[PDB]
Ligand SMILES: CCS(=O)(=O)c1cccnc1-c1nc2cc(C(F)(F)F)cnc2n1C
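Heads up, the chain below is alone and in the form deposited without this ligand; it's given as structure tokens.
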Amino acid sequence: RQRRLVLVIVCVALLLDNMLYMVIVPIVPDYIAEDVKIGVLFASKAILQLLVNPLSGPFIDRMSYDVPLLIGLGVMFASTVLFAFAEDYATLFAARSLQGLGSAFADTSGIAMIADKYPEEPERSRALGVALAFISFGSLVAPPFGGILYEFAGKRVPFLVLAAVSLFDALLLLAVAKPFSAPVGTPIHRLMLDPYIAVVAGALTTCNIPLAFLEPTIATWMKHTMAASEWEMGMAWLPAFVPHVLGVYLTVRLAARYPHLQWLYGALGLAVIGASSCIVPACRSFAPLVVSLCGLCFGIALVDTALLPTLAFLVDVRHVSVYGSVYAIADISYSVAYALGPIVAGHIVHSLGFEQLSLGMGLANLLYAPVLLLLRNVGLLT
């Protein structure tokens, strides 16, 4: 028990958190439906994640990661009960913005708590891997079932049930950890100018471009002239979970036998992601495409559970020992591709076609692994 009971509560608060940013995409254009106006609504979540994260950086490391987590959970509960009482454009826009703010306040605090409660070499990696696996189980296998549940019942009862469950989890966390009972960190604008952190931030912002750009342009490529039914459009990302957990487990296991090596895994993951992005075109069948998607999803875990604890290690070694405003920088890095995707992907696909942007993403991905080589002396720093 002890610290382990908190980890389960935080992890579940992230599984249901990622369920909602991706169960509303197929629901939006059943009400409003000239296509540029609907693009901004889908980009509202990531836009607010860039204008609140720098302001919420120093906020997190000032009151021990509890009040920000509770604030984020409350805001997201408020935003969940608003998606089910909405039919017009403005209400959905406001709900999406509130969801983005709640994510920006909650995910960083949860990751910081997980990193703080497990200070050690062989346990922090395991905790972060568990958190990432719980995130992936909510982000990659849930929306297929949520779509069927909405098609059967609707959008009122399930969303209210989700809000009730989120409130239950928040109340459980409040009862377990009591914040209302009787170290100056490094600011972001000076933490950014670190040669050993900018590379990691760039790798994080580069390893997430293919996921942000494949959606929502993969459906119009599946249905267009290649034998696409309706099941194999929502069931094309579900068999993409086993490689992810396998990669997370493999990287966590290999991070213990070899302690020094924490850049080779990132380079290999980036290479795999680039190769998968390059090979995703030119597959005139469902099975090769789903295999390429499997490889693409597997490559991301290698980068994630090899460059996520590296930030904590660096901020502990050559800075002050507070775990905040660093995962905020990581979140800023991660929330740029998702902001740039649903607005530029359609234009790029219409102009150059779904055969050159994929190679461009692959070439960009295979141009940073050499850059990730300036992380060879980490662990020797004194």
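Residues that one form lacks are left out of the comparison. What we label the rigid core is the largest C-alpha set whose atoms superpose within 1.5 Å from one form to the other. Throughout, we count residues from 1 along the sequence that is shown.
Below: the form solved in complex with this ligand, not depicted.
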Quiz item: Which one, 350 to 358, 53 to 61, 314 to 322, 331 to 339, holds residues whose non-hydrogen atoms are within 4.5 Å of this ligand in the entry with it bound?
Solution: 331 to 339
Quiz item: Do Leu140 and this ligand share at least one heavy atom pair within 4.5 Å in the entry with it bound?
Solution: yes
Self-check item: Distance check, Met22 to this ligand in the entry with it bound, heavy atom within 4.5 Å
Solution: yes
Quiz item: Heavy atom to heavy atom, is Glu215 within 4.5 Å of this ligand in the entry with it bound?
Solution: yes
Quiz item: Is there a non-hydrogen atom of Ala104 within 4.5 angstroms of a non-hydrogen atom of this ligand in the entry with it bound?
Solution: no
Quiz item: Which of these residues, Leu82, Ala228, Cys278, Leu211, gets a heavy atom within 4.5 Å of this ligand in the entry with it bound?
Solution: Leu211
Quiz item: If you check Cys297, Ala95, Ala306, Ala163 against this ligand in the entry with it bound, which one has a heavy atom within 4.5 Å?
Solution: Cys297
Practice problem: For the stretch 240 to 274, return the residues whose heavy atoms include at least one within 4.5 Å of this ligand in the entry with it bound, in the order they occur. | Solution: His244
Practice problem: Fit the two forms on the core and write out the ranges of at least 3 consecutive residues whose every CA moves by 2 Å or more between the shown form and the other one. | Solution: 282 to 284
